[PDB]
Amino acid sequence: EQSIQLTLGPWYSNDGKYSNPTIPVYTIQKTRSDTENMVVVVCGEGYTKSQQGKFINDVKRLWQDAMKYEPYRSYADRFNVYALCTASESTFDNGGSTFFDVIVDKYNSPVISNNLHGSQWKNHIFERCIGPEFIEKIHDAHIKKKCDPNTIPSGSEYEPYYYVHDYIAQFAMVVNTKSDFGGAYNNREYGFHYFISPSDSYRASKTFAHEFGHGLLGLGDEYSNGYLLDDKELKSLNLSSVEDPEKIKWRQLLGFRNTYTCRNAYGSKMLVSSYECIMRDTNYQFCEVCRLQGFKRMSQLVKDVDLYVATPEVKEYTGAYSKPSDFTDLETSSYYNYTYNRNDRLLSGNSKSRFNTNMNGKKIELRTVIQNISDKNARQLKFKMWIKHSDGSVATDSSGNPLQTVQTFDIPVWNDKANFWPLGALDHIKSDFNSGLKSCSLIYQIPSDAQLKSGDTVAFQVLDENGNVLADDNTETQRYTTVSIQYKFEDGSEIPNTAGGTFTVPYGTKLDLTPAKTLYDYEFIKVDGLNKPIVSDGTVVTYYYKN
C-alpha cells in the first residue's frame, strides 16, 4: 500500500519501459523522526516484481553487516533506512531491461548507462525523480517538489535538486547479482550522490561498507595513485602525500593502534595512515583515521553527538615510536615492524594477560585520541589507570599506596566544524584536521616495590566531567548484543510495508531515542523496550502505531 509513483519522461525512460512506475516503500528502520536521523534510501536493480522479497532481505543483510563496522556501529540506531522496491522487467543476470540501465564496463565498474536506451538523464534519476518524490511523500520533512524533472529549469539544471542530498543522506543501489563489482558516484555539484554494489558477490557486505565509506563518510580510495597537490592534500580526509611526520595531517594519531603512515604500494607517493584499512583492501576494518573522520562526518548529520573517544590502548612504554622522527620511514616493512612492536608491548584488549610480575619498575602508557564535536564547549576528561589483581582489588606498593595514576586532558572546541561536510555542503575543500582533536597519553611509572601478583592486569577509565565512564579496560573486547526492531499496530499486527531489521549494541546498553511521531500516516502510540538494558540477542523493541 505504501508507495511512491514517478513520472519518467524520455530523459529517464526513453524506451517507455518505466514511464510511470509505482515503487513500494518498505521501512527497514525508523527509530526517530527523519529530521533527526540520517536517511538512507536503497533501491534494487535487476529485481523483477516477484523478487522484491529477495531485494528486501538482501538490503537487510547488507545493512546489518555494514552496521557491524565502526564508525557506522556507533550510529546504528540513528539511521532511518528505506527500501524502495524498484521493479525491473528482467533480472540483472538475464540481461534485459532493468530499472536503472546498469552495465558493467571494461574496467569492471557498474555504471548507469544513459546511452543504453538513450535516456539522456538516466543517471540523474535519484536526485531529480526518486529523491524529490520520497522527500515530499515519505520523509517527515515533506518538502514539496520544487521543479518538474521532465522539463528544463530556468538557469541551473542542478541547483533545484541540491536539497535532495540534505534530506536523504545516501542513495544506494543494490544489484541482483553474484558479480563482484562496486562503484561510488559522488559529485554533488552535478547532482550525483549514490553508489552501486551487488547483492550476492563473495564479498557483498564488505563492498557495501566500502562504497558507503566513499559515499557517506567521504573517504578516499586508499588504492589510488599519485602525488597529492596542496589543494587535494587539503581536500582528502584519509590520504596524504606529506612525507614529514611533523607536518602530516594525522600526526596526532601516529603510534596509536595501527596508525603508522606508509606508502600504499612500493614506490608510491600516495600515503595512507594505516596499511590495513577497508578503504584499500576490503578484508580489513576501518583504520583509526577513517573511524575518526567518518564519526566526525556523521556527527554533522545528527544533533545529539558531541564527543568521539577512540578505543584506548595500554602499552609498555619503551620509548619506541614515541617521537616524530620514529615515523620517518614510510615503507610497508616499517609499517609491519611498527605493528609487531606494538603487539610486543600491548597490555590491553586481548593482550590484557600479557601483564606479569616482571612489570615492576617499567612504564606503561594509556593512549587514545579524543575529538570534541562541540564548537562551543571545551571538555575536560579524566584518565585513571591502575594495576588490578584478579580478584578486582587495586594493587599497592610496599607502603600500601595504590598503584594508580590520574591525569586530566583538555579537549578544545571544534572551531573548524563548519568546514567539515556540514549539512548543505556540496564538497569538502579544506579543514583543519587538528581542530577539536587531542591525542591523550598518560604514562605511569610502576614503582620498583610494586606488590604485583600473578594474574594482575592494567585497568583504566576515561571519565567525563561528572565521573561517567566513557571507556574502560573492558571496552575493546566487550560483548555486543543483537536488538531486533518490530513495528506493530495496537492489536499486535505487523505493520505492512515495514521490515524491521537488527543491529548490535554493547551488552547492557539502554536505548534512549525519541520515536518518530508518525510512521507513514500512522500515529505513534507507545514503545516497549527502550530505556532498559539490552542483555539478550534477539531482544525486540516494539514500536506501536495506530491503525
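Numbering starts at 1 and follows the sequence shown.
K.L.:
According to the deposited model, is the average Cα temperature factor higher in 416-424 or in 147-155?
P.N.:
Stretch with the higher mean C-alpha B-factor: 147-155.
K.L.:
Going by the B-factors listed in the PDB entry, is the mean over the C-alpha atoms higher for 234-242 or for 105-113?
P.N.:
That would be 105-113.
K.L.:
For the C-alpha B-factor as written in the entry, point me to the maximum among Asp473, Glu127, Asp456, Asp221.
P.N.:
By C-alpha B-factor in the record, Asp221 ranks first.
K.L.:
In the PDB entry, which of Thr405, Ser88, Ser179, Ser348 has its C-alpha at the highest B-factor?
P.N.:
When the deposited C-alpha B-factors of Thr405, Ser88, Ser179, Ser348 are compared, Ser179 is largest.
K.L.:
What third of its chain, lowest, middle or highest, does the C-alpha temperature factor of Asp432 fall into?
P.N.:
For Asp432, the deposited C-alpha B-factor lands in the middle third.
K.L.:
Can you work out whether the C-alpha temperature factor of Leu513 puts it in the lowest, middle or highest third of the chain?
P.N.:
For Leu513, whose C-alpha B-factor we compare with every modelled residue in the chain, the answer is the highest third.
K.L.:
Within this chain, which third does the Cα B-factor at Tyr185 fall in: lowest, middle or highest?
P.N.:
Middle third.
K.L.:
Check where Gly215 lands among this chain's C-alpha B-factors and tell me if it's the lowest, middle or highest third.
P.N.:
As the PDB entry reports it, the C-alpha B-factor of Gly215 lands in the middle third of its chain.
K.L.:
Would you check the entry's CA temperature factor for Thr481 and let me know if it's in the chain's lowest, middle or highest third?
P.N.:
Middle third of the chain for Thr481's C-alpha B-factor.
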